[PDB]
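A.B. asks:
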Amino acid sequence: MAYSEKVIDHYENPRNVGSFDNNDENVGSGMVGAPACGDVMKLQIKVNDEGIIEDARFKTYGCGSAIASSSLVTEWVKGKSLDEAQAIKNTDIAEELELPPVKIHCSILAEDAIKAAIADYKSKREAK
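For the sequence shown, the entry's author numbering begins at 1 and goes up steadily by one.
And the structure:
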């Protein structure tokens, strides 16, 4: 009557790639490995013209039956600014996610992925 029927989306390209719609020019590149002979974590962000984080993305080894795992950071940085995301503290994501001391290292590897994505962005747009 008053409302129309927009275009529904479904079955379009893969997912869990670790990037928000291809790799823009304002996207941050970060690569932090675990405290050992492994390294398999990834975290990329998307900065807008205002120099603020508009989108967020990450990647990990995986396993199965996880359903949105370690995707708590992608929401934290989202809507925030690089200057703010740089103030993030492992203890925060570690105290909010709730985990044992044995898997505490996973709380530190997160922060690293933050700064990187930041210093990486301004590094690609530092051309003046």
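Note that the Cβ used here is the ideal one computed from N, Cα and C, for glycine as well.
1. Is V102 buried or exposed, if buried means 16 or more other CB atoms sit within 10 Å of its CB?
2. Answer yes or no: do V77 and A117 have a C-beta to C-beta separation smaller than 9 angstroms?
3. Which value, in whole angstroms, describes the spacing of the CA atoms of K42 and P14?
4. Rounded to a whole number of angstroms, what is the C-alpha to C-alpha distance between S69 and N16?
5. Who are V47's beta bridge partners in DSSP?
6. Pair every Cβ in the stretch 93-109 with every Cβ in the stretch 59-66, then say whether three or more of these pairs are closer than 8 angstroms.
7. Rounded to whole angstroms, what is the Cα-Cα separation between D49 and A127?
8. Express the C-alpha separation of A94 and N26 in angstroms, rounding to a whole number.
9. DSSP puts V27 in a beta bridge; with which residues?
C.D. replies: Reading it off the structure:
1. Position 102 of the sequence shown, counted from the first residue, corresponds to residue 102. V102 comes out exposed.
2. As a working note, residue 77 is residue 77 in the sequence shown. As a working note, residue 117 is residue 117 in the sequence shown. Taking 9 angstroms as the Cβ cut-off, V77 and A117 qualify as a contacting pair.
3. By 1-based counting over the sequence shown, the position of residue 42 is 42. By 1-based counting over the sequence shown, the position of residue 14 is 14. Taking the straight line joining both Cα atoms gives about 18 angstroms.
4. As a first step, residue 69 is located in the sequence shown; it is residue number 69 there, counting from the start. As a first step, residue 16 is located in the sequence shown; it is residue number 16 there, counting from the start. Roughly 11 angstroms separates the two Cα atoms.
5. Along the sequence shown, one-based indexing puts residue 47 at 47. Beta-bridge pairing by DSSP links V47 to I53.
6. The stretch 93-109 is not in contact with the stretch 59-66.
7. On the sequence shown, position 49 is the one that residue 49 refers to. On the sequence shown, position 127 is the one that residue 127 refers to. Going by the C-alpha atoms only, they are around 15 angstroms apart.
8. Start at 1 with the first residue of the sequence shown, and residue 26 comes out as number 26. Start at 1 with the first residue of the sequence shown, and residue 94 comes out as number 94. Going by the C-alpha atoms only, they are around 29 angstroms apart.
9. Against the sequence shown, residue 27 aligns to sequence position 27. For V27, which the question treats as bridged, DSSP gives the partners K46.
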